[PDB]
Amino acid sequence: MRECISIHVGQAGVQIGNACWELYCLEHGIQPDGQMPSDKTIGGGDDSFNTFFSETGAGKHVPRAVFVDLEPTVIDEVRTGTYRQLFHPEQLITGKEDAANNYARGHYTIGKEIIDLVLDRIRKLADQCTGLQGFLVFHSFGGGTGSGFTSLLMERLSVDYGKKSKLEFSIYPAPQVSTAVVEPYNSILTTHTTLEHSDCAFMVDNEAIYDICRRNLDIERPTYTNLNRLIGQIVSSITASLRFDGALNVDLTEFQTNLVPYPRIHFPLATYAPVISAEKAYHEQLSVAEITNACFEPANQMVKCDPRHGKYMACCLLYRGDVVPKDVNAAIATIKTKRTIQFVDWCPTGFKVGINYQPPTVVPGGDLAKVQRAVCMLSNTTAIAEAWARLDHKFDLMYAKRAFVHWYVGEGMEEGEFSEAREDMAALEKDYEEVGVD
Amino acid sequence: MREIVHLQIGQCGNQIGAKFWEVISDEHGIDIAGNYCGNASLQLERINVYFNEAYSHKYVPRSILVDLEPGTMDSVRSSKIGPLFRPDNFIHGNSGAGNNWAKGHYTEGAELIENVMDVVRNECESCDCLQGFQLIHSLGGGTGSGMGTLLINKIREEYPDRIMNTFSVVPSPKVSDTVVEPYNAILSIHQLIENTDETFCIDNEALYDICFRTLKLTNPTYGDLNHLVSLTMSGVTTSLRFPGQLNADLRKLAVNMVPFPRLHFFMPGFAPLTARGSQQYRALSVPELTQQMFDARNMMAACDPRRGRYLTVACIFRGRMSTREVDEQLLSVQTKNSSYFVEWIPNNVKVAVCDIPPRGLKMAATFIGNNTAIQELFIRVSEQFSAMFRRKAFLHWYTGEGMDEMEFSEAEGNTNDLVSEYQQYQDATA
Ligand SMILES: COc1ccc(C[C@@H]2NC(=O)/C=C/C[C@@H]([C@H](C)[C@H]3O[C@@H]3c3ccccc3)OC(=O)[C@H](CC(C)C)OC(=O)C(C)(C)CNC2=O)cc1Cl
Ligand SMILES: Nc1nc2c(ncn2[C@@H]2O[C@H](COP(=O)(O)OP(=O)(O)OP(=O)(O)O)[C@@H](O)[C@H]2O)c(=O)[nH]1
Ligand SMILES: Nc1nc2c(ncn2[C@@H]2O[C@H](COP(=O)(O)OP(=O)(O)O)[C@@H](O)[C@H]2O)c(=O)[nH]1
Numbered sequence: 007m008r009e010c011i012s013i014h015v016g017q018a019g020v021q022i023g024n025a026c027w028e029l030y031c032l033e034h035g036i037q038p039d040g041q042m043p044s045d046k047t048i049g050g051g052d053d054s055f056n057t058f059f060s061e062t063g064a065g066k067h068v069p070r071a072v073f074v075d076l077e078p079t080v081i082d083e084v085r086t087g088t089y090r091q092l093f094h095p096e097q098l099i100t101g102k103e104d105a106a107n108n109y110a111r112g113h114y115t116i117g118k119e120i121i122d123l124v125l126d127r128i129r130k131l132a133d134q135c136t137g138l139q140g141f142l143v144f145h146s147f148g149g150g151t152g153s154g155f156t157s158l159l160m161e162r163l164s165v166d167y168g169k170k171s172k173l174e175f176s177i178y179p180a181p182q183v184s185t186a187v188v189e190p191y192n193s194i195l196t197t198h199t200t201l202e203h204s205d206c207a208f209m210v211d212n213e214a215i216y217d218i219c220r221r222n223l224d225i226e227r228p229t230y231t232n233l234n235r236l237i238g239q240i241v242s243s244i245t246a247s248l249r250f251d252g253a254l255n256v257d258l259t260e261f262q263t264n265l266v267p268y269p270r271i272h273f274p275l276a277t278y279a280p281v282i283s284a285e286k287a288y289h290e291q292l293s294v295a296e297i298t299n300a301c302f303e304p305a306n307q308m309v310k311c312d313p314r315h316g317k318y319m320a321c322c323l324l325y326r327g328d329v330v331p332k333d334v335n336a337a338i339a340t341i342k343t344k345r346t347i348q349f350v351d352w353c354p355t356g357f358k359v360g361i362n363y364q365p366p367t368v369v370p371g372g373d374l375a376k377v378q379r380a381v382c383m384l385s386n387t388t389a390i391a392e393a394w395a396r397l398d399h400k401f402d403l404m405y406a407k408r409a410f411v412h413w414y415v416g417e418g419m420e421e422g423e424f425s426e427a428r429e430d431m432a433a434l435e436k437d438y439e440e441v442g443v444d
Numbered sequence: 008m009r010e011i012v013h014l015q016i017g018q019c020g021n022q023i024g025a026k027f028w029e030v031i032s033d034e035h036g037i038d039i040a041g042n043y044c045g046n047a048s049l050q051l052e053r054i055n056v057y058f059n060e061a062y063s064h065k066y067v068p069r070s071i072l073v074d075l076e077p078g079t080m081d082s083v084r085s086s087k088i089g090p091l092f093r094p095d096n097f098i099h100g101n102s103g104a105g106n107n108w109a110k111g112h113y114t115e116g117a118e119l120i121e122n123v124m125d126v127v128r129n130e131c132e133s134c135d136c137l138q139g140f141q142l143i144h145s146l147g148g149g150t151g152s153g154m155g156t157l158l159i160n161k162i163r164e165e166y167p168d169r170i171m172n173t174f175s176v177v178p179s180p181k182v183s184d185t186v187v188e189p190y191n192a193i194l195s196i197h198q199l200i201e202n203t204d205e206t207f208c209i210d211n212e213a214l215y216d217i218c219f220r221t222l223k224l225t226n227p228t229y230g231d232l233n234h235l236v237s238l239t240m241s242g243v244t245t246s247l248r249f250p251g252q253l254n255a256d257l258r259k260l261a262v263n264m265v266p267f268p269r270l271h272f273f274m275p276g277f278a279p280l281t282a283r284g285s286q287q288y289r290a291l292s293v294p295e296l297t298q299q300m301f302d303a304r305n306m307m308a309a310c311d312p313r314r315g316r317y318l319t320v321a322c323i324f325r326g327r328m329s330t331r332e333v334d335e336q337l338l339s340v341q342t343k344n345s346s347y348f349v350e351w352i353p354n355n356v357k358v359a360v361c362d363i364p365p366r367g368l369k370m371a372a373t374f375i376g377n378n379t380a381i382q383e384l385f386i387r388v389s390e391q392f393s394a395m396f397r398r399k400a401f402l403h404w405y406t407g408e409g410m411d412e413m414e415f416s417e418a419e420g421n422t423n424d425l426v427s428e429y430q431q432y433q434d435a436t437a
């Protein structure tokens, strides 16, 4: 009755989604060939992981995934890896020429020559689903494919699937690991284009994942594998309310109502407490109050911004593992006695706690330690305006002398689209300030 | 013989209506099988207003239980009152409106309103004479508020010569955490101003206040609030269910109590209000019942009647009391506190005495008043609407169902005009 179609656009989206589907199969106990030991005894669907894993007649749990790139490198990497038979070769779309870290290449010239094939695969996956809610688009703000083709895909899915709500798991660019200089240009342009076509966007920057990996997993050179494993853990326990039993956030509509008051203020912030290294596994344990405090710690967020200077709107505390619901309320009361967390001046509800008793599973061989108590804090705040202000500051710095603009006007785009996207992000900054001023 | 068609829309309307029909059948001496088992012939007289007498002395209610979800129908059928109701009169959709007034007034209400109008016409065709319609619903939710005002408009279209009485439960932030309940409340208040002749403004804030302070409950559930509303709604319709001097049979009650066509929002009250299992320790007499009848702490709408003027009062006393002492105490209340009643409506306090008390209480005092203090309730809901509307929170869920954004401003302007009219008739002196 509820079905979701995960879409992974770009290299970042494809790698993050491959790690995410690995952790989904690890959490649900699904074998890499597609069969299931326990829940294939029934042999039927609608067991709350039929939102993501479609079941064939042979008992294979093929995921509802579409992997898109304009470069065949990472698609062949997932076609060669341990889940090569789990994903259908029709749904793994490759390309010939890249977007070359250009928004206008992936949105107007190179992405326009492949958009109908991806739309055909999306409709072929949607025709199997009888209760489809929407899509989870995995992409990146910085790259060419993950910005331009994601914006083109969001336009096509809004004009074709207008009764559906589309989530996003975007990758905000970081200067520590950056493939390009024009990542502010692509980020501002795809945020302007996917503002009217996205319903709840969970942007996560690699700077916060970089800092968390370096300060917790003790890796001073974090590669893309450690970042991929950590963001796969983050997104897997984001979606753990959706693939499991019903407490809260069981639908994409529930995601859009519990956190998102405005059509344009739709950028929540996730926070995860038990990010501990695999060496420090049996040193101590972690109580509910301290992991709630670390979920309210500004250094543990998935976005490098300060929430105490802004005002909250919502909080969906999502607990994993064997957590008793008694001391969660004591943790809530100790958080509430701290007046740093300051909600808006409407009826603010509070920390909507839902508890899933399935223990969290980490990847064997990964740097994340196996833990018994895990917690995800989806919070809508006005602190994301700091990240958008940083992006528009870099955009203004590069656009003051019109640097790199010829790489965009030469691929079909107009000159005034940059000023239009700058004005739209200025309006988003004004909206976040108007919520922030009471 | 006149007869009222009862309608319950929504979860709150269905639960309050189930408790209400239980208290009414207990007062009338009717068990769950539809057989009369009382010891008084006064209970059987004027039974046709609410209970449909079938063959072989079968008293089924004329209740039309409406929802958009079957869970409330299953919960009603799980109680003892499920076999009591007519099983053909249960109507439920596939999915609830989900606290969306537009989704309960424009799409799901539109697709279910033909079936509920078919059931309404089926109840109406067997009438020797129709008196009017009684509706219990909540202004906060989606199906209750939206489909209630849609059914009100459809009934006003089909039967424009029949009175329309509503028991509208105004939502509170102290009992529900949903944020858009001012939107549904203000849009339903805008519909109830223009399309209803009688409205009993029950406020969940006042019920929470009574259960918090008076009843000494730390965590007031929905059961205690529904017990309070069931007591007050049994007391209000004791003029309709029984013959008396102040009979007030719906149209007569609207003629007495409503001086102006938009100022039809009443302020119900019940003087010996006690929690369940503790009503056997209350001393009962006449002047204490009269002094608790007009108490702001006892009144069941979150208003201060000392800050307003009673336009019209209909005090009904229940139990075995001397009518001389009741009339003496009420004339003493009207004369000693003559600043709280209007001078341009002479003899606006009407007293009736019914000898049948509600069960569990030897003496009761149930009060209906068209007080001017209900503008405080409308100011509170309109200020919460303005706080949620000045920065357009969750308007995409309403404008995505085809609702214009001018309709919210029209509802705000209509409720503000109603508040202005209440203030004008408060400040005016003869
Ligand atoms: C500062 O901002 C906030 C303050 C508090 C909160 C807490 C948050 N408040 C809201 O979600 C307000 C929602 C507006 C309506 C909107 C108007 C409905 O038409 C939407 C709709 C949805 C589904 C189907 C049809 C129609 O949604 C609901 O009623 C949802 C629908 C559920 C049943 C799925 O139900 C709830 O509310 C829950 C899940 C039971 C509890 N929710 C809350 O405590 C959030 C924010 Cl962002
Ligand atoms: N966390 C994480 N981020 C990644 C990963 N791969 C790429 N990125 C991010 O991706 C951003 C740029 O996008 P690209 O990697 O070039 O992918 P793309 O969107 O397809 O762009 P093109 O390949 O040029 O078409 C960089 O800023 C990186 O931060 C990854 O595996 N994990
Ligand atoms: N007094 C009282 N109010 C209730 C009760 N149940 C629900 N409510 C109120 O009524 C509203 C619920 O409306 P509902 O019929 O459920 O609409 P729905 O959500 O679309 O199904 C909420 O605002 C509650 O505040 C009850 O038992 N007693």
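Sequence lines, in order, name chains A and B. The numbering of the first sequence is my numbering, which starts it at 7 and goes up by one. The numbering of the second sequence is my numbering, which starts it at 8 and goes up by one. For every residue, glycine included, the Cβ atom is placed at its ideal position computed from N, Cα and C.
Task: Any chain B beta carbon closer than 8 angstroms to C301(A) - done: no
Task: 8 angstroms CB neighbourhood of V15(A) in its chain, flanking five on each side removed - done: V74, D75, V143, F144, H145, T151, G152, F155, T156 and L159
TODO: Using only the heavy atoms of ligand 2, determine whether one of them is closer than 7 angstroms to the beta carbon of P179(A).
DONE: yes
- [ ] Could you give the DSSP three-state label for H198(A): helix, strand or coil?
- [x] helix
- [ ] Run the proximity test for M395(B): is its beta-carbon closer than 7 angstroms to any non-hydrogen atom belonging to ligand 1?
- [x] no
Task: Within chain B, partners of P269(A) - CB distance below 8 angstroms - done: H403
TODO: Compare the C-beta of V186(B) with all C-beta atoms of chain A and state if any pair is closer than 8 angstroms.
DONE: yes
Task: Counted within 10 angstroms of its Cβ, other Cβ atoms place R325(B) as buried (16 or more) or exposed - done: buried
Open item on the list: Given a cut-off of 8 angstroms on the beta-carbon distance, is the pair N254(B) and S241(B) in contact?
Closed with: no
Task: Rounded distance between the beta-carbons of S54(A) and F250(A), thought under 8 angstroms - done: 6 angstroms
Task: Cα-Cα separation between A432(A) and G112(A), rounded to whole angstroms - done: 24 angstroms
Task: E115(B) burial status per 10 Å Cβ neighbour count (16 or more: buried) - done: buried
Task: Segments assigned alpha helix (DSSP H), at least 4 residues, entirely inside the segment 272-341 of chain B - done: 293-300
Task: Spatially closest choice to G149(B) from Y432(B), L194(B) and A435(B), by CA coordinates - done: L194(B)
Open item on the list: When you compare the CB of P180(B) with every CB in chain A, is at least one pair closer than 8 angstroms?
Closed with: yes
- [ ] Determine whether the Cβ of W413(A) lies closer than 8 angstroms to any Cβ atom of chain B.
- [x] no
Task: Local conformation of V360(B) per DSSP, three classes - done: strand
Open item on the list: Here's a check: name, in chain order, each residue in its chain whose Cβ is nearer than 7 angstroms to the Cβ of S164(A), leaving out the five neighbours to either side.
Closed with: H203
TODO: Would you mind stating whether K172(A) and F141(A) have Cβ atoms separated by less than 8 angstroms?
DONE: yes
- [ ] Kindly indicate if chain A contains any beta-carbon less than 8 angstroms away from that of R397(B).
- [x] no
- [ ] Establish whether the CB of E440(A) and some CB of chain B are separated by less than 8 angstroms.
- [x] yes
Open item on the list: Residues of chain B with CB closer than 7 angstroms to the CB of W27(A), please, in chain order.
Closed with: Correct list: empty, because the minimum Cβ distance to chain B is about 31 angstroms.
Open item on the list: When you measure from the CB of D75(A) to every non-hydrogen atom of ligand 2, does any distance come out below 7 angstroms?
Closed with: yes
Task: Closer than 8 angstroms to chain A by CB, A400(B) - done: yes
TODO: Kindly provide the ranges of any beta strand (DSSP E) runs that are 3 or more residues long and lie completely inside the segment 182-238 of chain B, ordered along the chain.
DONE: 205-207
TODO: Quick one: grab the DSSP three-state call for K286(A).
DONE: coil
Task: Runs of beta strand (DSSP E) wholly within the segment 62-149 of chain A (minimum 3 residues, chain order) - done: 67-69, 71-74 and 138-144
Open item on the list: Suppose only complete runs of 3+ residues qualify. What are the beta strand (DSSP E) ranges in the segment 60-127 of chain B, listed by chain order?
Closed with: 65-68 and 70-73
- [ ] Tell me whether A320(A) counts as near ligand 1, meaning its Cβ is closer than 7 angstroms to at least one heavy atom of that ligand.
- [x] yes
Open item on the list: For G105(B), tell me which candidate among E76(B), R269(B), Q431(B) and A117(B) has the shortest Cα-Cα distance.
Closed with: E76(B)
TODO: Report yes or no: is there a C-beta of chain A within less than 8 angstroms of the C-beta of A321(B)?
DONE: no
Open item on the list: Short of 7 angstroms in beta carbon distance, which residues of its chain neighbour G41(B), apart from the five on each side in sequence? Order them along the chain.
Closed with: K65, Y66, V67 and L91
- [ ] Report the neighbours of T200(A) on chain B: residues whose CB is nearer than 8 angstroms to its CB, in chain order.
- [x] Result: empty, since nearest Cβ-Cβ is about 16 angstroms, beyond 8 angstroms.
Task: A282(B) Cβ short of 7 angstroms to ligand 3 heavy atom set - done: no
Open item on the list: Quick check on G376(B): buried or exposed, where buried means 16 or more other Cβ atoms within 10 Å of its Cβ?
Closed with: buried
Open item on the list: For ligand 2, is there any heavy atom lying closer than 7 angstroms to the beta carbon of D104(A)?
Closed with: yes
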